[PDB]
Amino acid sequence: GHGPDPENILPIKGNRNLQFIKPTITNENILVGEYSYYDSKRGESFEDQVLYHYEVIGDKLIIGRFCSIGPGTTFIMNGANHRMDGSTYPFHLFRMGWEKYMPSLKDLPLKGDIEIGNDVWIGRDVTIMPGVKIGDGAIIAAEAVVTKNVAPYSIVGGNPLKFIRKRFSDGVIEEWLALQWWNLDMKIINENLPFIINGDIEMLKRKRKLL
């Protein structure tokens, strides 16, 4: 059985910062696929990086498989959102007669769930805004503030986020998105690792005898 145990929190026995995210999950509304890792700074858990995530709001954080999440990467959820109709001041938090002004969930600018695809490389100290969707194979530069959606297999970075370039031609991206090697069994992946790594997409298609 080539490969590490995806349920083993600390796969690299010399390393104590790099953690497989999935088996560390405790909270709800957080779904992280197998083999996705978080390379922490001082050993902090991935969930500590998830901020403003209140069960009451119901927003979710979805991360696909085989994702590289750099140290300091922050996920800002909808809890950070202030009401923008009149004053942005959350009077209700202080109570003492102001709890009657408790906002409804429909009074708040809810941006939705954060969805991160598979095989995603997220640079160091990246901050991710609420409602952001990130496509498979996407690359996010370090120190980037992801203020919008990121296309599959695209390189982006900066504050606010800027589109740098697309990794492969539009046709090639289609083939990767049609293949979805991350959803295959580990037996198949291990037998296809060379072509996945060197990006020989036209060999993977021969490897998978389709109809």
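So that there is no doubt, residue numbering starts at 1 and follows the sequence shown. Heads up, when I say rigid core I mean the largest set of C-alphas that superpose within 1.5 Å between the two forms.
When the other structures are laid on this one by the rigid core, do the CA atoms of 93-101 or of 68-76 sit farther away in 4 other deposited structures of this protein? Higher root mean square deviation of C-alphas in 4 other deposited structures of this protein is shown by 93-101.
Can you tell me whether 138-146 has a higher mean C-alpha B factor than 177-185 in this record, or the other way round? Averaged over C-alpha atoms, the B-factors run higher in 177-185.
Where do the C-alpha atoms have the higher mean temperature factor in this entry, in 20-28 or in 199-207? Per the deposited B-factors, the answer is 199-207.
In terms of recorded Cα temperature factor, pick the maximum from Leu110, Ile116, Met84, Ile128. By C-alpha B-factor in the record, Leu110 ranks first.
Out of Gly171, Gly157, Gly70, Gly64, whose C-alpha atom has the biggest B factor in the entry? Reading the PDB entry, the winner on C-alpha B-factor is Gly171.
In terms of the CA temperature factor given in the entry, to which third of its chain does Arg167 belong: lowest, middle or highest? Its C-alpha B-factor, which the entry lists for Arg167, ranks in the lowest third among residues of this chain.
Using the B-factor values recorded in the entry, state whether the Cα atom of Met77 falls in the lowest, middle or highest third among the modelled residues of its chain. Its C-alpha B-factor belongs to the middle third of this chain's values.
In terms of the CA temperature factor given in the entry, to which third of its chain does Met102 belong: lowest, middle or highest? Tercile = middle for this residue's CA B-factor.
Cα B factor band for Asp39 (lowest, middle or highest third within the chain): For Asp39, whose C-alpha B-factor we compare with every modelled residue in the chain, the answer is the lowest third.
Tell me, lowest, middle or highest third: where does the Cα B factor of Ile57 rank within its chain? Within its chain, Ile57 is a highest-third residue by C-alpha B-factor, going by the deposited values.
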